[PDB]
Amino acid sequence: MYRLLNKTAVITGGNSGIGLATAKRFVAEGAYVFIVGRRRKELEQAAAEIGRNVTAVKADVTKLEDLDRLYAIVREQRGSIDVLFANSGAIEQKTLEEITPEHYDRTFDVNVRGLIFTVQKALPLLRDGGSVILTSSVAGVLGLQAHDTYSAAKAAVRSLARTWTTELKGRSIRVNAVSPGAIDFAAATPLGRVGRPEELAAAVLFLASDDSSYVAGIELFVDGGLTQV
Amino acid sequence: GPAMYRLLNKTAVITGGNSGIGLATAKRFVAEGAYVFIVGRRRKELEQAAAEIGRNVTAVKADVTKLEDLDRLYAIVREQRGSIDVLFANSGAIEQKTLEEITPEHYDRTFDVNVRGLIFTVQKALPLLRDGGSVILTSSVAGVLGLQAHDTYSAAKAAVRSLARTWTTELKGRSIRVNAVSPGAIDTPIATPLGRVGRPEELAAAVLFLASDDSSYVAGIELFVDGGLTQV
Amino acid sequence: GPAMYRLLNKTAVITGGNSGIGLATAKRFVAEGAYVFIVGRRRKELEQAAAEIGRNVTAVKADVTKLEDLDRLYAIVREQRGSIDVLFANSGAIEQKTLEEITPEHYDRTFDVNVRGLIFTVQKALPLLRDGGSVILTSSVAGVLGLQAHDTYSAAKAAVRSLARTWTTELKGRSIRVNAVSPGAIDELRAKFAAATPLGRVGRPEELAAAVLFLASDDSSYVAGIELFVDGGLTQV
Amino acid sequence: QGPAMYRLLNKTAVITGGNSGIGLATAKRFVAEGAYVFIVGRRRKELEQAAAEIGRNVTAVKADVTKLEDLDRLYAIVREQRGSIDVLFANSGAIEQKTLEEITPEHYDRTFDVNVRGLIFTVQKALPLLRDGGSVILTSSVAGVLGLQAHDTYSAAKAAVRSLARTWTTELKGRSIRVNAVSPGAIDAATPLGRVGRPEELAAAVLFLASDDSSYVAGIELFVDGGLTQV
């Protein structure tokens, strides 16, 4: 059974390891995927790798006009969204002493502002009963040297899954966060290795799929046990 | 990737094959290609459950609070299948009693089924568990809430969640993952965002995630399957 | 200005009061003006502890796993002081055993002291607890960790933490606050915890006592059902 | 040796948001406990009234903590008047309710500027004055662990605040500086204690974190919510 047969998915960060692995799994599970990213060349290469049932959309998700353009494309080509994987994110290490206004704004714009507006602008297209997955991080629950803004931003992302669970419940839209650990640390991790992108994708699939139909507002750690022991 | 049968040729042991959740899980496991042992106290209801499941299932009568019963179970598994890939340690019982009402007998009944029994269930499965296998523990939303008259049940289910952490550590050299599932309301109640009780088959689907290779980088977790109850 | 005596004329009952955190807490409580009952199994160690505390203390020999010993305790408390303002249910014992090693006896001893004893300690205190009183439970960082060979201890301490939530609900009509304290390492394995702890050391028993005093005192009057980690940051980073 | 009666005797405390509410009640208790307090806020008149209410051992400083230059001015005052900081209560915060569909860029930036950016630069700029072994308290909220209707940005920002307590515990451990978050509930039906909290009850919990009683307490989230989030 194709677990996303004929579903429409939008994946932001189709330039990340996890966004591409997710797109591949989703196409293997029968979905039509829009992969979204800032860098056109890697996007087009990714779409060529995936090979079928995929459209690449160049967009900077921090720019409201780019989001409007994305959604117009999705509306015209597929008409509605079943699964939204809001997978933005970038880290720059700076200690508290080293933080500048620019570093703060870059970190929060990509990890938080971009996410909020990605999901806001998807709402008209999202089907009732749909599924929204947010990318948090183990950093959201840890105290890692020089991850000040990144960890704080990923904590913000996890919180938005709770709030959107409440706000969207009338439409039966589930919102859940995935919190990856180290993806290709290993020493602190019970499984004794970094995770493969396809293992993160499989977890995202769980959340996108009907197997998680009674799962809402959670933080799914995909970290080999790092944060759990 | 996708597979018609996500547990093909795997051997699963499910305790609480008299419960709604244990039964629904056995059905889904068989649908996924597994061979299932369903384990429970009441033989007749077990044999009816095995008839409902319909194929690739052995019913085993066993009271998991009795060590000799566990030894009998594992002998049966060893003779029939030879190894265990997935262990769903799912026996449980709830009785409501407030603190002022708690008796020694109530305490012991709750802890013996939910904690002592679970410990010995898993301990005695270790020689048969395959490296790289998956163990799923049934905790509960009760393990993180303060529900009137759930004193011992909630405490015991918090203990169960703890054991998933400890056993993640202790079994890591064998690459055996240990995870807890924490159901909310299933079939009956006890604000929930999804606005309804869960179905046993929805819990089963989440256990399947943990049993399956889709959760291969998932270890030590508490997976709430509660329609959002504990998350907002 | 400040209060000289933060527990002035309050009556406290501390189980496990004969040593460690229970003893440090009894000392601080007495310093803060409380009258304390210290409870333990061995008369000689109790008498030594009472002598160290030095004043405003009654030692009561009792095995808190034995219902009859609890009844005897609370008869004494009622006679001598009438009612209880603070109950620090501070039982606890650890024996390391891996899953493979666990015997029924090891299970029962761990749960009897950490959980059964606790439940009955609190149950039997109820008629004497003043409304607005404070009940402090001893959990552990082990309750949230996956520590090799701590199977039963960790699980028991998780159960303790849970009871603080349930008892918060049950006792809210009486305005009795119930909170858990979760110590880290307190003065090889100890060195391993110190290295993983931000503050880079084990805690002193008096620092645990001071945290229990927060929960016993009016400073925590709007704190209920919590798990207060007192671990130098071990579990928080 | 026994306990000290005045639990912040001669310590220097800086309290942002010190003109009202929790920050004011904290300032009053800190002064009762023997501290010297700097109360920080945006409006002169309210600050002067607050300082008159506190009544002694207090300096009011007008500053918008979202402006780096206002923070530099604050810390120059503290450095000249007291010389060092023992306790920092980084008590920023403001809520505007908006649902996801309603959020604008301006609403987002206001919420994050006051609750997160302001906090970060408040603590950053205090570092040179903070004594080794000092205590930093951050104001998070119960919102940081809940899914409340129309609290999208506020809740998210308060979760970010709690995270920073973790990171700063790691970064500041070599100086033995403790960083903890306080998460208030309702302050003056779902709460076990069956009432809102008084500002003085929040101040007492902040006092615990500021004081030596919490010397082995680091990186935590102290819920002061009458049980709301715990049951």
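Every heavy atom of this structure was used, including side-chain atoms; hydrogens, water molecules and symmetry mates were not. Protein chains get the first letters and strands the later ones, always in sequence-line order, with residue 1 at the start of each.
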*asked:* Determine whether D/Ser215 and C/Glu207 satisfy the following criterion, side-chain hydrogen bond (donor to acceptor under 3.5 Å, both in side chains), listing intermediate values before the conclusion.
replied: CA-CA 7 Å; D/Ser215 60; C/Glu207 297 183 283; 2.6 Å; yes
_What verdict does the side-chain hydrogen bond (donor to acceptor under 3.5 Å, both in side chains) test give for B/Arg177 and B/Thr168, after you've listed the backbone C-alpha separation in whole Å, the side-chain angles of each residue and the deciding distance to 0.1 Å?_
CA-CA 6 Å; B/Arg177 299 182 296 104; B/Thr168 287; over 6 Å; no
_side-chain contact (heavy atoms from CB on, under 4.5 Å) evaluation trace for D/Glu171 with D/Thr167_ = CA-CA 6 Å; D/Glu171 292 191 5; D/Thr167 305; 3.7 Å; yes
*Start with the C-alpha distance between D/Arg166 and D/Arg162, add both sets of side-chain angles, then the distance that settles side-chain contact (heavy atoms from CB on, under 4.5 Å), and finish with yes or no.*
CA-CA 7 Å; D/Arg166 308 183 188 267; D/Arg162 188 274 171 283; 3.4 Å; yes
*asked:* Using the rule given for side-chain contact (heavy atoms from CB on, under 4.5 Å), can you reason through A/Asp148 versus D/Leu164, listing the C-alpha separation, both sets of side-chain angles and the distance that settles it, and then say yes or no?
replied: CA-CA 6 Å; A/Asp148 306 46; D/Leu164 290 162; 4.3 Å; yes
*asked:* Would D/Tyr154 and D/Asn115 count as a side-chain contact (heavy atoms from CB on, under 4.5 Å) here? Give the steps.
replied: CA-CA 8 Å; D/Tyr154 179 78; D/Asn115 292 287; 4.1 Å; yes
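Dense packing is recorded around CZ of D/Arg110, with more than 12 heavy atoms of other residues, nucleotides or ligands lying under 6.0 Å away.
At a threshold of 4.0 Å, the pair C/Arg204-C/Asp187 does not count as salt-bridged, since none of the basic side-chain nitrogens sits closer than that to a carboxylate oxygen. Salt-bridge check for D/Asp213 with D/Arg7: passed, with a basic side-chain N closer than 4.0 Å to an acidic carboxylate O. Under a 4.0 Å N-O distance rule, the pair D/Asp72/D/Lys125 qualifies as a salt bridge. Salt bridge D/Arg117/A/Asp105: present, at least one basic N to carboxylate O contact under 4.0 Å. The pair A/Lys154-A/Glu219 does not meet the salt-bridge criterion, since no charged nitrogen lies less than 4.0 angstrom from a carboxylate oxygen.
Judged by distance alone, the side chain of D/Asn180 and the main-chain N or O of D/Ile220 form a donor-acceptor pair under 3.5 Å. Panel note: side chain D/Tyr216, backbone C/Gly203; a donor-acceptor pair is recorded below 3.5 Å.
Side-chain polar atoms of D/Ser183 and D/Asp225 form no donor-acceptor pair below 3.5 angstrom. A/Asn87 and A/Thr135 share a donor-acceptor pair across their side chains, judged by distance under 3.5 Å alone.
Atom CG in C/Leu228 sits 7.0 Å away from atom CZ in C/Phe214 (nearest 0.5 Å). Rounding to the nearest 0.5 Å gives a distance of 11.5 Å between CZ of D/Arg175 and CZ of D/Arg131. Here OG1 of D/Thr122 is found 7.0 Å from CG of D/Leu88. Values are rounded to the nearest 0.5 Å. Of the inter-residue distances, the one linking D/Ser92 atom OG with D/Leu138 atom CG reads 9.5 Å to the nearest 0.5 angstrom. Remark: D/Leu8 CG to D/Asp212 CG distance equals 8.5 Å, nearest 0.5 Å. To the nearest 0.5 Å, the span separating CD1 on C/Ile186 from CD on C/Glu206 amounts to 11.0 Å.
Proximity of D/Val65 to D/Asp70: side-chain heavy atoms (C-beta onward) are nowhere separated by under 4.5 Å. No side-chain heavy atom of D/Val217 sits less than 4.5 Å from a side-chain heavy atom of C/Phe229. Taking 4.5 Å as the limit, every side-chain heavy atom of D/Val136 sits out of range of all side-chain heavy atoms of D/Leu209.
The aromatic rings of D/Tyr108 and A/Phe117 sit perpendicular to each other, their planes meeting at more than 60°, with 30° as the lower class boundary.
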